[PDB]
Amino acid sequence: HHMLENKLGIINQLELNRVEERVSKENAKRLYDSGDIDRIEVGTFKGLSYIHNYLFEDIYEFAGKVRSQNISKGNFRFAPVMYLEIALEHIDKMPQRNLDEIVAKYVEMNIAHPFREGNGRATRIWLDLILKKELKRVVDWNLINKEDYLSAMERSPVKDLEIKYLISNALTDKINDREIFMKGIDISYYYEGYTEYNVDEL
């Protein structure tokens, strides 16, 4: 699964964590600066798969591809592989006209959790693209506290009020401001326990 392990000779979890952060943040920076981010299908699993492969190819085996194993976090079982493809088609047809509908679509894509790893970071980029297109807003992720965010996502399959509230109060109209995107990548990786680098210095 961790393609860099055998290639760089890493036998330490923290060292592997840092290298995967560096390489994927390099790809994340290029995604934005190349303008490739603007030519991705918005709000579909085809767009999400592209983001995920863009971030993690040469890092995760099968980056951009659905997982073949069932996974969980805390006590929550994500969508079973057996109807994973069915779930993703449903999400593709969900509406995205207002914040209520966009947050619900994001919550369902987190529940699907289609990749083995990288779901959190890749789906937040995907979410920002839906908000930018439909609401002319993106998230200022530093205004969402890490533990508040993770608690809200844990709560969200049952009730999405917490994550909707957090997102709503962090929306900004500066949808073409490069620094907001870049600051948000560092915060987004921080949520997942990657704190070594700043995307802008790579």
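The first residue of the shown sequence is 1; numbering continues from there. Between two forms, the rigid core is the largest collection of C-alphas that superpose within 1.5 Å.
J.: What stretch shows more C-alpha movement in 4 other deposited structures of this protein relative to this form, 47-55 or 60-68, after the core is superposed?
T.: So, of the two stretches, the farther one in 4 other deposited structures of this protein is 60-68.
J.: After superposing on the rigid core, which of 187-195 and 12-20 has its C-alpha atoms sitting farther from this form in 4 other deposited structures of this protein?
T.: Looking at 187-195 versus 12-20 in 4 other deposited structures of this protein, the farther one turns out to be 12-20.
J.: If you average the CA temperature factors over each stretch, which comes out higher, 79-87 or 106-114?
T.: The entry gives the higher C-alpha B-factor average to 79-87.
J.: Hey, which bit's got the bigger mean C-alpha B factor in the entry, 143-151 or 30-38?
T.: Going by the record's values, the stretch with the higher mean is 30-38.
J.: Lowest, middle or highest third: where is residue 135 by Cα B-factor in its chain?
T.: It falls in the top third of the chain.
J.: Which third of the chain does residue 182 land in by C-alpha B-factor: lowest, middle or highest?
T.: Answer is middle: the recorded C-alpha B-factor places it there.
J.: Just say lowest, middle or highest third for the CA B-factor of residue 49 relative to the other modelled residues in its chain.
T.: It belongs to the middle third of the chain when residues are ordered by C-alpha B-factor.
J.: Taking the values exactly as deposited, rank residue 19 by C-alpha B-factor within its chain and report the matching third: lowest, middle or highest.
T.: It falls in the middle third of the chain.
J.: Residue 120: which third of its chain by C-alpha temperature factor?
T.: For residue 120, whose C-alpha B-factor we compare with every modelled residue in the chain, the answer is the lowest third.
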